[PDB]
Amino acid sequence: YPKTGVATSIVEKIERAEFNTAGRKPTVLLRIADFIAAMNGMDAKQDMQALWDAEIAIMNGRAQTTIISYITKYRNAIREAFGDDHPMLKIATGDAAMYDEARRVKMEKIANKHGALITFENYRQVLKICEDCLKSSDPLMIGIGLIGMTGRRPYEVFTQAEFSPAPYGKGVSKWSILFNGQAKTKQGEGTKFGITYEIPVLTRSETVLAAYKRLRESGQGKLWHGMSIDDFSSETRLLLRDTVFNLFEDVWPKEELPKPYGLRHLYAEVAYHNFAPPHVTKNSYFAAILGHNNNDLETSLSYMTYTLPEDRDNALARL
């Protein structure tokens, strides 16, 4: 197995921070860089164990989700520098109790939300705002409009979505399109990786499909295209966050702050309410429109957080 190599992506990010005008030092990227270099020439399992144990010691005071996230970075560096069959990958992982506890915490939150859904009272107003955004000249605003109307992830809308018209028999479908460029698949066998599938939209098909060409053909739109997740996060995340805060501040449900992924949840909740055939369940429909892995009905649970005021009203009428 290889005992020499370099995590190119980490080094390049460090070298760019060399001549920055302001901001934190890349202390974490640095530790990963040094960690990888100290591994060059290492062939003893007990040596590799001592090196990892040291990094783990530093991370001590961090939150559990943080350490879990930080472990992924080290692991991805090792794969980049040494490949997938390096013995370090058996050592540099979280403990089993760490992942078991994270899973437990995760499900507890989802379970708490399923028992206390938030009534999205002004949801039609939120949808209207999103619709108006589709006609904005700021391609950022156009993207936000598309998130609400297509339910696609921000990274998908801005960097890699392929929106095409869906056939309806011999005509073109009015309340659905075709989408390609599903993110997060990890290239799984039963995923939507590289697969074009049909999705519902919350406004006219022609309106959505035209607003996306304006997004694609704009200036910022061509910078965005094909971008890595890290570049997108650094270029657009904080501005999109602030923009979404402001657009929705007064109409979004008081229980929570307005958030980009709030639009993805709402999209599912509204699209089920409007388009779901009677022979499918909510879990199955959610999984279908959100592009989830084959036979997975569990991920859908995460997205169920809202209740439409119309459904609320008559569940209160069923005495």
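In this text, residue numbers run from 1 along the sequence as written.
Per the PDB record, of the two stretches 111-119 and 158-166, 158-166 carries the greater mean B-factor over its C-alpha atoms. Taking the PDB entry as given, 83-91 carries the higher mean Cα B factor of the two stretches 183-191 and 83-91. You'll see in the entry that, of 211, 105, 98, 178, the Cα B factor peaks at 211. In the PDB entry, the Cα temperature factor peaks, among 218, 228, 76, 234, at 218. For residue 46, the recorded CA temperature factor ranks within the highest third of the chain's modelled residues. When the modelled residues of the chain are ordered by C-alpha B-factor, residue 257 sits in the highest third. The entry lists a Cα temperature factor for residue 60 that places it in the highest third of the chain's modelled residues. Placement of the Cα temperature factor of residue 124 within the chain: middle third of the modelled residues, per the deposited record. For residue 148, the recorded CA temperature factor ranks within the lowest third of the chain's modelled residues.
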